[PDB]
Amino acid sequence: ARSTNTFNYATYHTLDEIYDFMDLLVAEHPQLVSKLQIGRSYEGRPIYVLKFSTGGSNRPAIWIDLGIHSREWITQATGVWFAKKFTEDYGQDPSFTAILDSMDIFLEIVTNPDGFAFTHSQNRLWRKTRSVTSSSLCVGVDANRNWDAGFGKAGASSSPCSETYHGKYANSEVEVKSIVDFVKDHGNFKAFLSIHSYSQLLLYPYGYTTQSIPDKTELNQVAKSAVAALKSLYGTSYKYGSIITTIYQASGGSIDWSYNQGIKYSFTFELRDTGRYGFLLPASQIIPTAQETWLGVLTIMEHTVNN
């Protein structure tokens, strides 16, 4: 409602409620958190990134995006919880305090706001952006097939009506270009975490090719350690490995792009569950999901500051 402590973390929210939450958290924690507008969506909604910083200086940074696929409600709900948790644990958890004392975190809670608004007003299962061209009656692009990393290769669809439509060219979606510009402008990201649901997976690059990344051994073990940390709280069991070996080919993906920019700790989370409820994860699962996922993310961040 009126403070981040009266905000209900155990229910799903609208775009406007999440956007309001950001302003409240900035107001309450002005020495730690600022709200950045990195662009506007196809339909002209502001695209917001929360910056968590204690100072500097172009500090080494962690990127986290949630809700690129709009129907994956657990992700935006987890993003809100993450934002609050950062303000809770800074000054409290020594490990996390050390991360924020030397690094910045950039958190994008609603990466596809038009899709999110649309899952509230029209179609709960909508996944793509809401871009339209006169070239087709079909709406939207899969924003996680739109990145300039194996763009247009097997693992995406060239058909505008497809749910995995890659768009006409790489970065055609302003929601993607806004991130690309921000990350390129910055130049000093060390981790890039893209949060999705569902399937309980922790994935590293690549999706578009079977070629092993030169950091495979390391990321595989970081992934194993993060999965163990996550499992430790409530027993939630994740599988892990490269995108292509674990699911299948997928092209134009965010972490393939981020990894190719030299951002080593590039991972994609697929949160709860494994299909019991699927996209329609019960609200009662929001806080436990956010809690355990935090443990996994923290594990990755600790490897970033110490490397």
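The first residue of the sequence shown is number 1, and the count goes up from there.
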Higher of the two mean Cα B-factors (187-195, 118-126; per PDB record) comes from 118-126
Avg C-alpha B-factor, entry values, 244-252 vs 44-52, higher side is 244-252
Residue with maximal Cα B-factor (values as given in the PDB entry) among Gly207, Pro94, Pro113, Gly79: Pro94
Based on the PDB record, which member of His69, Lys35, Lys264, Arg272 exhibits the highest Cα temperature factor? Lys35
Grab the CA temperature factor for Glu173 from the record and place it in the lowest, middle or highest third of its chain. lowest
Going by the entry, which third of its chain does the Cα temperature factor of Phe86 land in? middle
When the modelled residues of the chain are sorted by Cα temperature factor, does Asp101 land in the lowest, middle or highest third? highest
On the chain's distribution of Cα B-factors, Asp20 falls within the third called middle
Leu137 by Cα B-factor - lowest, middle or highest third of the modelled chain: highest
